[PDB]
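Which chain is which? The protein sequence lines are C and F, in order. Under the UniProt record's numbering, the residues of the first sequence are numbered 3 to 421, in order. Under the UniProt record's numbering, the residues of the second sequence are numbered 3 to 422, in order. All C-beta atoms, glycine included, are put in the ideal place defined by N, C-alpha and C. Reading through the structure tokens given below for one structure.
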Amino acid sequence: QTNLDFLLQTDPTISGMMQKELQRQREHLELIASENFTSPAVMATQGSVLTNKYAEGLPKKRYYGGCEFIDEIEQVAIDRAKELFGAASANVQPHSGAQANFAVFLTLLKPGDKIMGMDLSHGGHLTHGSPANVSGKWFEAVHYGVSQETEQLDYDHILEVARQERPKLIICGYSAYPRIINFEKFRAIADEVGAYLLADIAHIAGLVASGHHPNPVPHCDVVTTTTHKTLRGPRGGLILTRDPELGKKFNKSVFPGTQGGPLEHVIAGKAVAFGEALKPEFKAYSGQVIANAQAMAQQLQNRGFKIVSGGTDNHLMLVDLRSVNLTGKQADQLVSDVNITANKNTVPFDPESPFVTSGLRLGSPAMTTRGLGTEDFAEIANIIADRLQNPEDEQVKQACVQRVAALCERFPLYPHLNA
Amino acid sequence: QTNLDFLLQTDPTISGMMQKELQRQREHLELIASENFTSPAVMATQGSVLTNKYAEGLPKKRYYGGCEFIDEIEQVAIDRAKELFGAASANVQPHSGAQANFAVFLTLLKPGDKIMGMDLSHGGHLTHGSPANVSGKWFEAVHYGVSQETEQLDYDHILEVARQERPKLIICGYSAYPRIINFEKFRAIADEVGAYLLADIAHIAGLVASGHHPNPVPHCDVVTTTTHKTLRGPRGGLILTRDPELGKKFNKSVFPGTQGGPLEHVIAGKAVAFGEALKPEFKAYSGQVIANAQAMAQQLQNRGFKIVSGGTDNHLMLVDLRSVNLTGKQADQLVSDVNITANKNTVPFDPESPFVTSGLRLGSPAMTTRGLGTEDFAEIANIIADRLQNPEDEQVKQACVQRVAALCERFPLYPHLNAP
Ligand code: NA
Ligand code: NA
Numbered sequence: 003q004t005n006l007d008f009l010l011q012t013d014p015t016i017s018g019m020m021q022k023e024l025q026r027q028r029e030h031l032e033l034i035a036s037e038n039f040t041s042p043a044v045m046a047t048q049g050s051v052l053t054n055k056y057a058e059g060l061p062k063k064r065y066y067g068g069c070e071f072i073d074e075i076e077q078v079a080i081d082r083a084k085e086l087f088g089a090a091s092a093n094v095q096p097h098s099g100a101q102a103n104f105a106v107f108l109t110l111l112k113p114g115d116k117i118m119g120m121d122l123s124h125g126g127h128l129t130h131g132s133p134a135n136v137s138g139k140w141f142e143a144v145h146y147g148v149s150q151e152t153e154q155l156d157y158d159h160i161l162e163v164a165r166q167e168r169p170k171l172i173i174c175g176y177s178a179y180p181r182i183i184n185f186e187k188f189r190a191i192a193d194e195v196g197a198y199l200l201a202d203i204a205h206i207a208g209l210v211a212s213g214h215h216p217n218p219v220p221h222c223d224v225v226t227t228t229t230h231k232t233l234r235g236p237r238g239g240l241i242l243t244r245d246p247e248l249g250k251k252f253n254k255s256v257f258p259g260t261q262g263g264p265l266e267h268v269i270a271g272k273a274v275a276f277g278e279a280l281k282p283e284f285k286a287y288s289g290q291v292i293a294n295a296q297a298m299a300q301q302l303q304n305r306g307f308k309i310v311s312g313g314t315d316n317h318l319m320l321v322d323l324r325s326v327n328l329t330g331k332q333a334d335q336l337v338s339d340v341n342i343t344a345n346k347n348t349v350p351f352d353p354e355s356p357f358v359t360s361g362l363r364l365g366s367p368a369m370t371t372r373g374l375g376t377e378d379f380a381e382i383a384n385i386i387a388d389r390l391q392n393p394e395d396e397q398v399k400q401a402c403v404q405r406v407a408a409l410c411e412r413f414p415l416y417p418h419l420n421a
Numbered sequence: 003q004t005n006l007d008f009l010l011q012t013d014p015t016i017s018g019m020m021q022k023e024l025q026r027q028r029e030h031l032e033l034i035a036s037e038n039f040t041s042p043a044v045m046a047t048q049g050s051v052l053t054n055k056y057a058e059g060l061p062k063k064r065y066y067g068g069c070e071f072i073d074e075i076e077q078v079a080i081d082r083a084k085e086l087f088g089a090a091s092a093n094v095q096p097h098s099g100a101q102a103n104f105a106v107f108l109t110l111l112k113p114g115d116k117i118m119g120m121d122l123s124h125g126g127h128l129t130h131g132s133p134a135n136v137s138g139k140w141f142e143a144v145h146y147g148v149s150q151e152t153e154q155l156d157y158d159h160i161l162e163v164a165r166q167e168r169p170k171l172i173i174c175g176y177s178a179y180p181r182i183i184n185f186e187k188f189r190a191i192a193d194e195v196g197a198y199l200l201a202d203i204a205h206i207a208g209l210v211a212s213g214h215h216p217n218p219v220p221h222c223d224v225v226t227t228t229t230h231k232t233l234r235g236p237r238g239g240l241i242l243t244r245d246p247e248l249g250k251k252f253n254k255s256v257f258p259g260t261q262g263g264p265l266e267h268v269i270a271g272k273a274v275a276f277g278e279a280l281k282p283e284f285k286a287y288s289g290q291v292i293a294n295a296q297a298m299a300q301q302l303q304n305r306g307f308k309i310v311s312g313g314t315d316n317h318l319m320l321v322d323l324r325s326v327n328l329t330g331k332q333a334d335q336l337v338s339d340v341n342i343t344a345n346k347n348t349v350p351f352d353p354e355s356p357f358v359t360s361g362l363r364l365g366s367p368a369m370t371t372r373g374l375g376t377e378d379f380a381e382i383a384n385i386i387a388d389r390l391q392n393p394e395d396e397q398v399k400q401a402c403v404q405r406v407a408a409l410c411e412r413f414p415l416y417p418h419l420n421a422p
């Protein structure tokens, strides 16, 4: 008898909904740029008895008895993180990217200090100073955005904003930014104004780890990330720093500063994900992720769609829909009708509200994990274009549904589960 | 081929360590009061593909596409939590008890406001105002403690402290308090001074759910909890309230106020655990948890040990070593030497450093889940007392080891789990 058997027997309601989610993942193009398909080995750790252990503290320095094997696992996670990112220090306990960022704020700032991040509507994250988040509620948040002429960062402009605002912390790393970030220029800016510098590399962490994006670790005071976007791990957070003394302060801000017990089953999954990312295959995967995103962006452009900034150098893109006279909300609905899963997103300088938007955010990591290549991503672009150009045409609709089904059949997902 | 097979094949290092942890859980008396053994069904949800879904927002009100099935699961979790605790609102997204508490603080307080909680050394939690936690760093946290005479709360004294300090938020619910909490009296106190009232029922949530401890939901502005202590769920948090308008504000403080994406695999596990807690067997389990803790406390007292407050009304106890020639750190080590897992713990009025302590915290939930009864808990007390009374005696040590092994063999843990 298996744990899944017990679930079916004791809670058929939840068992059936979970099986429907597996089928959903199998039968949609999962183009949400922040999603991935984590490995069977990672899922095994998350389904383990490690959930039962209280392990407040750090390896060998715990507030609870019984942590001998949890300590071995968490130290492997730390050591593999330091290896994978070339970092002198790593804390693998943050529950999420948001909680990683907050522990950094607790270390470096006090309430009322000034933080500078990218405007939420230009691709910054809610935890980088949004009024609805603690970062904008308890701190003075100021913003920079992208240039209207390029739709990407203008570093001289960022320097001028920094000089005018004199923030205590500058944040770089974003949620919808398709170009390479120059961490050396951010360090030059931070040094000129005397600010701390955080890189939140959540989206791009797998590309950083594999050498397909510049590395912030030697340049920034601290690097935070999720483990679950391009890094393809379990859902959670991570704090890295080049300064090992500062890293000890970040440890104290994770626990007891902001969290209680760590999720040790998730931390075992982090160890597994970092081990996978250290293999040559992960570098090839990350290169394919970028090639696939570029193939999709280019074919969307061939079909008449505007890509914000004119292309991408990473795994994601924003489609600016003002051309096909659709909002992002409308386009997201229209692609969902043909079994394509994405999310709407404001574009820089968007005339629509954040509840409507002019953009659709698409990314390649999840379908690249399923094995799709560049020609398959050009086919995805053509399905999207066909649907959005002919939203009333039922025969185009069915052709799109069928072409999605063919892609899903060609590239099975977790075929050993509930076959 | 299973996910566990993939783990053994691709990461034998982690696979082996994880196996060792299963064996460790099987072969020790797990007396950590805040631990439990969650069910196979809960573990199945946590090991599922639900980890792949981004689901910021709320059911039917998401910022990501594709949430149709996640929305059904999270709404089942919400609905079962509301039924289980009699709450008008529930948010099942907090990643932990600490994060549930922080979302409450973000809703009710601004930095610099005054909060009042139990002193850490008297069993309050770090998130209730410790200066090492955001709660005491960015808020002015004042404290109350237990009576020196009874070693439990004196509600008239708490009232006097509240009248003098005029806190904006009073926090009740604790990490090492063995007696029933009177939430009606805490409400009377909060009302006298105009404070909000939070109950953090992390430790006792399963006893509340089963009717074996008074329910704070009708009396407090908000109730937070962990899902993984006496509630026996996956590791995570939960916010409950009697006031649905406050509930809407707590939702916004969880997301986008405090967190990003929720852990929907864990939330499916919360749904499963709440469904288990709604069944009559859970009520019987919770009554056994208390009877077992009481039996262990009573037999420790029969052996000459002191229990803070003179006994327990719930699942936990502190052995008070202030008058014994061992520290809490040593007592924890000595029981670990005979395969008993606990934690050292500060006692009220402890003369010792928090790195040393004069207490040992013990609880019944995890071994009650394995099937032990009151006579078995009396036996646990006698094993502990034998070891602590004779710390250097090697024959007693080996007898203790054998007696622990006998209990572990008689009451197996997850017997269906094999090696890959
Ligand atoms: Na502000
Ligand atoms: Na002592």
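| Check | Outcome |
| --- | --- |
| Where do the ends of the alpha helix (DSSP H) carrying residue 2(F) lie? | A query on residue 2(F) cannot be resolved here, the shown segment of chain F reaching from 3 to 422 and no further. |
| Return yes when the Cβ of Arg363(C) is within less than 7 Å of the Cβ of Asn345(C), no when it is not. | yes |
| Ignore the nearest five residues each way along the sequence and tell me which others in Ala204(F)'s own chain have a CB closer than 8 Å to its CB. | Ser36, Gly99, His127, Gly175, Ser177, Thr226, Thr227, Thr228 and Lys231 |
| In this structure, does DSSP put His124(C) in helix, strand or coil? | helix |
| State yes or no: is the C-beta of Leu362(F) nearer than 6 Å to some heavy atom of ligand 2? | no |
| Alpha carbon to alpha carbon, how far is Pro42(C) from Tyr416(C)? Give it in angstroms, no decimals. | 8 Å |
| Below 8 Å on the Cβ atoms is my contact criterion, and I expect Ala387(C) with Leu302(C) to pass it. Report the Cβ-Cβ distance as a whole number of Å. | 6 Å |
| Find the residues of chain C that neighbour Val291(F), judging by a C-beta separation of less than 8 Å, and give them in chain order. | Near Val291(F) there are no residues of chain C at all, since even the closest Cβ is about 16 Å away, more than 8 Å. |
| Start and end of the beta strand (DSSP E) containing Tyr146(C)? | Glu142 to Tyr146 |
| Could you check the C-alpha separation between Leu110(C) and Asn103(C) for me, to the nearest Å? | 11 Å |
| Which residue spans inside the segment 183-228 of chain F form an unbroken alpha helix (DSSP H) run of at least 4? | 185-195 and 207-211 |
| Buried or exposed: which applies to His418(F), given that a residue is buried once 16 or more other Cβ atoms fall within 10 Å of its Cβ? | exposed |
| So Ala197(C) and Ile172(C) are in contact, right, with Cβ under 8 Å, and what is the actual spacing, rounded? | 5 Å |
| Would you call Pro246(C) buried or exposed, if buried means 16 or more other Cβ atoms sit within 10 Å of its Cβ? | exposed |
| Since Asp339(F) is in the beta strand (DSSP E), which residue starts that stretch and which ends it? | Premise fails: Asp339(F) is in no beta strand (DSSP E) and is neither H nor E. |
| Taking a Cβ distance cut-off of 8 Å, strictly less, list which residues of the segment 57-73 of chain F are near chain C, in chain order. | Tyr65, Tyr66, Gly67, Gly68, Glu70, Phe71 and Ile72 |
| For ligand 1, I want to know if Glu186(C) counts as a neighbour, meaning its beta carbon is within less than 6 Å of at least one of the ligand's heavy atoms. | no |
| Grouping DSSP H, G and I as helix and E and B as strand, with all else coil, what is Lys281(C)? | coil |
| Under 7 Å between the Cβ atoms of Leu24(C) and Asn420(C)? | yes |
| By a C-beta neighbour count over all protein chains shown, 10 Å radius and 16 as the cutoff for buried, is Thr152(C) buried or exposed? | exposed |
| For the segment 271-303 of chain F, enumerate the residues whose C-beta is nearer than 9 Å to any C-beta of chain C, in chain order. | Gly271, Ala273, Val274, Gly277 and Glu278 |
| Does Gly49(C) get closer than 7 Å to chain B when you measure Cβ to Cβ? | Included in the structure are the protein chains C and F, with no chain B among them. |
| Please specify which runs of the beta strand (DSSP E), each continuous and at least 3 residues long, are wholly inside the segment 222-264 of chain C, giving them in chain order. | 224-228 and 239-243 |
| Could you check the C-alpha separation between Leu86(C) and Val310(F) for me, to the nearest Å? | 48 Å |
| In this structure, does DSSP put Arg389(C) in helix, strand or coil? | helix |
| To which residues does DSSP link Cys174(C) through a beta bridge? | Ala201(C) |
| Taking beta-carbon pairs under 7 Å, can you tell me which members of the segment 11-28 of chain F lie near chain C? | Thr12, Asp13, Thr15, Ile16, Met19, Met20, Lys22, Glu23, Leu24, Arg26 and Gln27 |
| Which residues, taken in chain order from the segment 235-253 of chain F, show a beta carbon closer than 8 Å to some beta carbon of chain C? | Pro236 and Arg237 |
| The beta strand (DSSP E) spanning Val326(F) covers which residue range? | Element bounds for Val326(F): n/a, residue is neither H nor E. |
| Specify the secondary structure class of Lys62(C) as computed by DSSP and reduced to three states. | coil |
| Under a CB-based cut-off of 7 Å, is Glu37(C) close to chain F? | yes |
| If you draw a straight line from the alpha carbon of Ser132(C) to that of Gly313(F), how long is it in whole angstroms? | 49 Å |
| Can you pull the chain F residues whose beta carbon is under 8 Å from the beta carbon of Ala100(C), in chain order? | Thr260, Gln261 and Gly262 |
| Can we say the segment 381-401 of chain F touches the segment 63-71 of chain F, given the rule of at least three CB pairs closer than 8 Å? | no |
| How far does the alpha helix (DSSP H) with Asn103(F) in it extend, from its first residue to its last? | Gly99 to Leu110 |
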